[PDB]
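Notes for the one structure printed next.
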Amino acid sequence: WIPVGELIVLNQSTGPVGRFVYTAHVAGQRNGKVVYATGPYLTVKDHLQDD
Amino acid sequence: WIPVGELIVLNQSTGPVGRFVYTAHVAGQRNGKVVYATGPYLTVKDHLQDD
Amino acid sequence: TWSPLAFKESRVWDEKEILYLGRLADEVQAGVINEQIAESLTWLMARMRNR
C-alpha cells in the first residue's frame with residue numbers, strides 16, 4: 001500500500017484528519033411522504049411475479 | 001364572465017337547465033372482481049424503488 | 001343517444017428534484033418535496049373542476 005521507497009509523514013498529531021461524511025438517498029412511501037436514509041443501502045427488487 | 005353588453009334569458013323556469021353526468025371509470029381490484037367508481041379519481045405512483 | 005368524454009393527465013418528478021430540494025433561506029433537510037407534492041395534488045383536484 002505504501003509505495004516502495006516512499007514514506008508519508010504526519011505533521012501535527014497522530015489522530016483523525018477529517019471525517020467521511022455520508023449523504024442521504026431516497027427511500028419511499030411511509031404514508032404518502034418520502035423518507036430519506038443516510039448511509040449505505042441495499043434495496044431488493046422482488047420481480048418473482050414478472051415474466 | 002357574462003360580457004359587458006350581454007345578458008342570458010332563461011325561458012321555462014328558474015332552476016337547473018340540465019345535468020352533468022358522471023359515467024364510470026376503473027378502480028383496481030377491490031376483491032377478485034373489478035370495482036368501479038364515478039367521480040374524479042386521483043392516484044399516485046410509487047416508483048421510489050426503481051433505478 | 002348520449003356518450004361521455006374522458007380527461008386524464010400525468011405529472012412526474014425525477015430523482016434529481018426529489019432528492020435535492022431544500023429551501024432558500026434555511027438549511028432545511030431534503031424532505032421538502034413530500035410537502036410540495038400535495039400542492040400539485042390539490043392543483044390537479046382543482047384542475048379537473050375547470051373542465
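Where a number appears in this text, it was derived from the coordinates with a stated rule and is not lab data. So basically every Cβ, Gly included, is an ideal-geometry build from the backbone, and we count neighbours across all protein chains shown.
Averaged over peptide A:13-25, how many Cβ atoms belonging to another chain are found within 10 Å of each residue's Cβ? Don't skip to the answer; put the middle values down first.
Values: counts 0, 0, 0, 0, 0, 0, 0, 0, 0, 0, 2, 4, 3.
Going residue by residue through A:13-25 and averaging, the value is 1.
How big is D, in µm² s⁻¹, for chain C by Stokes-Einstein at 37 °C and 0.692 mPa s if Rh is the Kirkwood radius over C-alpha pairs? Mind showing how you got there, number by number?
On the way: Rh = 13.6 Å.
The calculation lands on 242 µm²/s.
Within chain C, report the GluC sites (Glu not before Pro) that DSSP leaves as loop and that have at most 16 other Cβ atoms within 10 Å.
For GluC sites (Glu not before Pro) across chain C that sit outside H, G, I, E and B with at most 16 neighbouring Cβ atoms in 10 Å, the list reads C:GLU9, C:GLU27.
For the protein assembly as shown, what percent of Cα pairs sit more than 18 Å apart? Let's see the in-between values first.
Details: 9137 of 11628 pairs.
I get 79 percent for the Cα pairs in the protein assembly as shown exceeding 18 Å.
Using only Cα atoms, find the angle between the long axis of helix C:33-50 and the longest principal axis of chain C, and express it within 0 to 90 degrees, rounded to the nearest 10.
20 degrees
Please report, for B:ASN31, the nm distances (one decimal) from its label point, 7 Å out from Cα along the beta-carbon direction, to the equivalent points in the remaining copies, shortest first.
3.1
Assume the label is 7 Å from Cα along Cα to beta carbon: what separations in nm does A:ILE2 have to the matching positions in the other copies?
Sorted ascending, the copy-to-copy spacings read 9.4 nm.
Taking the Cα atoms of chain A, what is the range of coordinates along each of the three principal axes, in descending order and whole Å?
58, 29, 10 Å, listed from the longest principal axis down.
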